Amino acid sequence: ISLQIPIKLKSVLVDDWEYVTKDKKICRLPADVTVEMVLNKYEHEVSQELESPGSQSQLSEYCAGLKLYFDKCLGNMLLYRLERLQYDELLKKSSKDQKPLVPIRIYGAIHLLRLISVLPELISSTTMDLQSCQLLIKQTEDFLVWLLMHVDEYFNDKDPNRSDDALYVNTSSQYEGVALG
Amino acid sequence: XXXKXXX
Amino acid sequence: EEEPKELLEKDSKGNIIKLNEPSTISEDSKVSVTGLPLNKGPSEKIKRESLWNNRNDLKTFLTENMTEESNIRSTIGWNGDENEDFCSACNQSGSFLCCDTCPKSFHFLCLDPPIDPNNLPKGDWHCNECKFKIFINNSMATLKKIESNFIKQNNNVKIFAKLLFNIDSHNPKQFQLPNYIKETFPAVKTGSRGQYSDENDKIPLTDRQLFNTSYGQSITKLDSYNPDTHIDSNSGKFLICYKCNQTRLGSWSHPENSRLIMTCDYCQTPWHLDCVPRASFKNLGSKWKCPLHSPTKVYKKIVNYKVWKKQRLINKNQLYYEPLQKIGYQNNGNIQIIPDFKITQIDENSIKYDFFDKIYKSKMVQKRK
Amino acid sequence: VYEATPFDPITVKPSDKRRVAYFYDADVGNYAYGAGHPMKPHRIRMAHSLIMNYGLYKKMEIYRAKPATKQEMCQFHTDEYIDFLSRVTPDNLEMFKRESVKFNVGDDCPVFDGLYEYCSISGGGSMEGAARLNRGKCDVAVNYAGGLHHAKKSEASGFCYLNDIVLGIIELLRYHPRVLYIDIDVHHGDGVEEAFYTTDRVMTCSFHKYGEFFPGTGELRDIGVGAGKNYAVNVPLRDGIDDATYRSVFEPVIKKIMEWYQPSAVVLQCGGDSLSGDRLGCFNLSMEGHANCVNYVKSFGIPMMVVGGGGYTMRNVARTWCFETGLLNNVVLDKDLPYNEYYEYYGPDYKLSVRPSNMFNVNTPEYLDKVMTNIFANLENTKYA
Amino acid sequence: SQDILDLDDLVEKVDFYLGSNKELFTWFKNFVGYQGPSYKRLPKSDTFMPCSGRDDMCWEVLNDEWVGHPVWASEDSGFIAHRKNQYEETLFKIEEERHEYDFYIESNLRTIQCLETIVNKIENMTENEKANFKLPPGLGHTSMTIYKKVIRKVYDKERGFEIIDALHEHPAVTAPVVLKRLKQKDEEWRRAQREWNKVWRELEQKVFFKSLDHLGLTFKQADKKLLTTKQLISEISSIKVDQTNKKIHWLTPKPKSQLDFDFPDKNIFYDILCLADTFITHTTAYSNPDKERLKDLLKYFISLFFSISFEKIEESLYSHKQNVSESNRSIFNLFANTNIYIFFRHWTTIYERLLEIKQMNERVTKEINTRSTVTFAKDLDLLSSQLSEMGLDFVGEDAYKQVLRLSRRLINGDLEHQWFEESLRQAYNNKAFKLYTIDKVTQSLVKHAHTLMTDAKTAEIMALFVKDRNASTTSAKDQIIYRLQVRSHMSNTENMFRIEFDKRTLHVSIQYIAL
Ligand SMILES: [Zn+2]
Ligand SMILES: [Zn+2]
Ligand SMILES: [Zn+2]
Ligand SMILES: [Zn+2]
Ligand SMILES: [Zn+2]
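Chains as they are written, first to last, in the authors' numbering: chain D, 220 to 400; chain x, -2 to 4; chain G, 78 to 130, 163 to 190, 258 to 478, 487 to 500, 502 to 524, 536 to 565; chain B, 2 to 386; chain A, 693 to 727, 752 to 1043, 1132 to 1319.
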């Protein structure tokens, strides 16, 4: 229950919590690199050099579980209060367009990292055994090392006030009026 | 508080 | 109480020949004037406290006969083209869809899915916890027969089985970083309702310091020469501004010669408000920073809007791996002046040589052009 | 660049006699912003009562510009915002709870009966007043019911629900290549500057306090973006500015604007907030300090629109508005006061005067010499028309 | 030098660092060859189907990308309220009650006008057309709500809406009765407004000029704090420190003074002496043997310092009180301790607070002697007779003769300290607040003179000054002997000043001394 997030991802998360709350700038959705794309690249990259079907299947099960838990949790425990209006607007857009929401294909890597950070608390909240806990933590730490090897591809620092291709977009007074009102 | 002094 | 008669009070065939005006009594003696009722004169108390112990010239009625109905411009309509008082999810205040069963309360945009205030499902709404309570009956054997089946049907992701299982039984919760990541940065600190603050945010002032300060105090260091105490408090000496290099206070007989001075929140260097062009003391919002400190965001254009940020301060995880110095040794921008987020330790002379050769080799490069 | 000289008495310019179209609806003034609110439409009537009881209806045309229409307000605001304003009343604000929070209506810009009518009247005058200036029918349009310069595209900020000035400048822009919006209200023209922040066809020059007052915006370096860069001027001032100083900063700044950003029309917000004795202001200005601004803008011989924005003393604003009206007509008003319907309102000496108080003037030189030096440097880029 | 910052920003920051030092920054610029906070950007999210009436120019030329809000440039907490005197708040309350009455009366009148036209229509229409007449919403007039509010306020809101419905429907009734009731409410509210106007006018008269007294209401408390020994030495020491800092960072040798008190006008000294004499004659703290010594010392010091020909004071004061009962000489240093300095600073404080009164007195006598009424306050008795009933209005004579006479009345206590304030308020606009403390400042001046003689060593320094001034020719050696002699009469840790005086210009410059 002691997850080891590298300090770089700690800095990224602390940029996130200091954006969505202080700067009031929600993420750009749909993102350029959604959860599906990052997880799929992780699988296709690491499984290419793993040994034994046991490991090549541990990876495949871990990514699938990550995606399936992300899809069911993002709406529940991964949005700051500000982002819960972007989420609602996406949900209503899906309902009107008749295309059920699939957060893995919409939200980006930052929310996956939020899920990672909150993971130990969720693990502790269950009766889930020690072996599975060890395996989960090991896999997640391996994933975070991988993300470190590719940090300047998913969490680059761009100015929402100087480029439309930034992971964050400044909100509107009428947006955060409803979101925080 | 984030408005004119108002009434 | 006479019945609220419908005024028209038709007599024979809807001729309404007779009326019945409503009784006023109320909306009169209403005592909503900012004083006493509008139909009554000033009170005897107000009289005693307050007293000191040409209609033919009115050119107002002659306005309708010189006002011309004006209709120019577009003018075509341009036709065309009991219950908790805080949200259990984000822990804040607002309108709530209080549960009939559970004592918890949520916002309308904090539920899951978010619910529109004007399109409520109405009737009776249950929270996830009470829905699970009635779906489980609180006994452990049936819950086992349900959850083990769930795990079995989720064998493809059995590694995540119980994590998937336990979501259904949890009410929505606002995301907040666990303390084991915020602690990595001592500077940061949560706010009153999650306003995530840094060292750069000024300590909030109290109501005593704003609403109770008398004439000449608070933000009111703009109304009198009363705050001549821009003298160094600790030493009793004069706070000298860094630019003009003098302190201006004039006299009580020449307050117009005084110039406002402020001390930087980060490094207590005094500055004249007129030297760092400013119109007011901060007193609020963020901490003022001199124009004499190093940048944090170094937005660069070469568009190539490449950003540079100074790594956030780390817990004493922090590393300072010593150089062998001289040119090169490209740090990003992080430095610890000395006589993996590794704060490089550049000492004093290295900076001299690095700037020297930067500007010189750049001038020779210009020569190359 | 800032040299202070005493304040000379206001003298009409003999070579600038102007046709004046003064707009006033006999209804704007029967609406109240509440039971304790600072803004009070009754100020407009009191300005009329002086303007009429004095001899000025003989020197001007009184027009009741028709109320603006939904499709006509929407040229700047949004469909939902206008749709919200046109249907919200005190007895139905609950059904609009999301929109009220969305558009910033209910707390300090309340929902008072006839809200829609008031904005339409304010909007119609500003739009139509620009129309007369457009079709060469008058040289000065006076609408002391608009001037609501805080309302933005989709929010009612600071007592202003509809930014009629934008509608006016929009109308002024269908004719005049350029406009200049000088605002002298103590607050800052956030709504007006925001609307034309990107365009070079309108230069919003606003004089205000800045630093801890309602707008919050208006810093010296807010000079516009894109093609509209350098075409937005802000002059942040401190408390207790007096006529000698305001006149020594307002005049050189406006001269340089009019000289390089040569406009073909002018909109001049004349807010009574910047007058001594305000309920929400901190400027120490007499009528003549306020009026010297209006006269200087007149001096340049360009079509002008004068709108009345912020004023909450409701007596120091009525007087100056009368003193301004009877100053664009090239006749300096008498200091006495005619027997109006509202004469009790006026102070001990029932005279057309607002007295400066003894507040300390903290807008020291070497600061206004830096604010003006910066503004001049920016305007050097507008030098090329 | 590591390609994170460019030349422009480097030079801009070094400007703040190496700023006023022009030479070093010139070198920096020469060698390195150097030749908005608000308004966040809404990216593109949604601007589709707004503004159902927008057009081409209006759509494009406007700005939608960049948005600004009060809360962006407020750090989520801001917008303080400017402080207002209790008098300003009373004015605001009176204004808000007047507005209440006027808003409820004028709107009732507008509705009465509309209903009167309607009733006129009804009367001149026969019974059949009466029964078929039907006004539309808004009664056909421009407004649609004002009459609604007027009826709601008067007619039991439930039945008020019942009315607003009946009026739009059959008005062969309702409109007459509604008009009557509106007339009754109009006359009642007019009566009440007329009664309230008396108290509103009286309160306005009481509190108005006070409301505009910002720097004068805090005065009389700021004088106590800032007019003291500590503050007076603080100012001089600060000017000296600024000079020594432009000695550290600018020319080292040059300054030989720090204050330049000037006395363009004589004949104010005699007014200060008259006020001091009045106070002395009033005080019970001193005994008669002490009062005469105090008066002689005061009259003697100024005559010795400014060379005012002692007999001149003798005759001027005697003439002033005669009508009361009918109803190589050059710069001359003084040298001083803290005791002499604060006394000679109180003197110049009084002189400076009376010089402005002199100039403003010329202008303001001109003004007051032409204070016009208008026409209608006299018929209805709407002006403030209070300051006249007790004869404090400045009508009839000079201003820099009634200010001093009123000050005398105040020192003797015959004049309330409150009425003196008002008299100086609505006789100078608000420009003589510095006179609100004239009994206290003269009391302090006389106390400091008493300390000047009944101290010990201070009297000896004053005697040494007497000896030096009455000399004819003095040499730099004589000045040096003066300095050491005065120092001998003060500890090595006391501060010494060098009050200087030039007979030609009557200007005195202090030269705060370092041990
Ligand atoms: Zn919530
Ligand atoms: Zn429940
Ligand atoms: Zn600093
Ligand atoms: Zn300075
Ligand atoms: Zn304003």
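Every residue, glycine too, gets a C-beta built ideally from N, C-alpha and C.
Helix, strand or coil: how does DSSP classify residue i here?
| i | result |
| --- | --- |
| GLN270 (chain B) | strand |
| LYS756 (chain A) | strand |
| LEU504 (chain G) | strand |
| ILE821 (chain A) | helix |
| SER300 (chain B) | helix |
| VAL203 (chain B) | strand |
| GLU342 (chain B) | coil |
| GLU178 (chain G) | strand |
Output, in chain order, the set of chain D residues within a Cβ distance shorter than 7 angstroms of residue i.
| i | result |
| --- | --- |
| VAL102 (chain B) | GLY396, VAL397 and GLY400 |
| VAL783 (chain A) | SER391 and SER392 |
Would a C-beta distance cut-off of 7 angstroms place residue i and residue j closer than the cut-off?
| i | j | result |
| --- | --- | --- |
| residue 1059 (chain A) | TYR1240 (chain A) | Coordinates for residue 1059 (chain A) are simply not present: the residues of chain A run from 1043 and resume at 1132. |
| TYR82 (chain B) | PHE104 (chain B) | yes |
| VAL1290 (chain A) | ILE1265 (chain A) | yes |
| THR253 (chain D) | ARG324 (chain D) | yes |
| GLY278 (chain B) | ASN317 (chain B) | yes |
| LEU415 (chain G) | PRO453 (chain G) | no |
| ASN54 (chain B) | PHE1237 (chain A) | no |
| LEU269 (chain B) | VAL298 (chain B) | yes |
| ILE171 (chain B) | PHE208 (chain B) | no |
| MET47 (chain B) | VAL21 (chain B) | no |
| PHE324 (chain B) | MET288 (chain B) | yes |
| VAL254 (chain B) | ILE376 (chain B) | yes |
Residue i versus chain B: which residues are under 7 angstroms apart at the beta carbon?
| i | result |
| --- | --- |
| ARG435 (chain G) | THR365 |
Find the residues of chain A that neighbour residue i, judging by a C-beta separation of less than 7 angstroms, and give them in chain order.
| i | result |
| --- | --- |
| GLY112 (chain G) | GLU813 |
Along the alpha helix (DSSP H) that carries residue i, what are the first and last residues, could you check?
| i | result |
| --- | --- |
| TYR549 (chain G) | 545 to 564 |
| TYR117 (chain B) | 116 to 135 |
| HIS43 (chain B) | 43 to 54 |
| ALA319 (chain B) | 317 to 329 |
| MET259 (chain B) | 244 to 261 |
| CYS990 (chain A) | 985 to 998 |
| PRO15 (chain B) | No alpha helix (DSSP H) contains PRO15 (chain B), which DSSP labels as neither H nor E. |
Which residues in chain G have a C-beta closer than 8 angstroms to the C-beta of residue i? List them in chain order.
| i | result |
| --- | --- |
| residue 404 (chain D) | Within the shown structure, residues of chain D are numbered from 220 to 400, placing residue 404 (chain D) beyond reach of any answer. |
Identify the contact partners of residue i in chain G, using a Cβ-Cβ distance below 9 angstroms as the criterion.
| i | result |
| --- | --- |
| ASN54 (chain B) | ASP166, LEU167, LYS168 and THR169 |
Between which two residues does the beta strand (DSSP E) containing residue i stretch?
| i | result |
| --- | --- |
| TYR64 (chain B) | 62 to 66 |
| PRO237 (chain B) | 233 to 237 |
| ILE437 (chain G) | 437 to 439 |
| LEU181 (chain B) | 180 to 184 |
| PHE272 (chain G) | Segment: none, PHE272 (chain G) is in no beta strand (DSSP E) and carries neither H nor E. |
| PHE1305 (chain A) | 1304 to 1306 |
| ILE245 (chain D) | 244 to 246 |
Who are the neighbours of residue i on chain D, taking C-beta pairs under 9 angstroms?
| i | result |
| --- | --- |
| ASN105 (chain B) | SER392, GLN393 and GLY396 |
Using a Cβ cut-off of 8 angstroms, pull out every chain B residue sitting near residue i, in sequence order please.
| i | result |
| --- | --- |
| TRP966 (chain A) | What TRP966 (chain A) touches in chain B: nothing, since even the nearest Cβ is about 17 angstroms away. |
Starting from the beta carbon of residue i, find every residue of chain A whose beta carbon is closer than 8 angstroms, and list them in chain order.
| i | result |
| --- | --- |
| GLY348 (chain B) | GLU920 and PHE924 |
| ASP190 (chain G) | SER768, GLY769, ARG770 and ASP771 |
Residues of the segment 280 to 304 of chain B with Cβ closer than 9 angstroms to any Cβ of chain x, in chain order: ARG280 and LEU281
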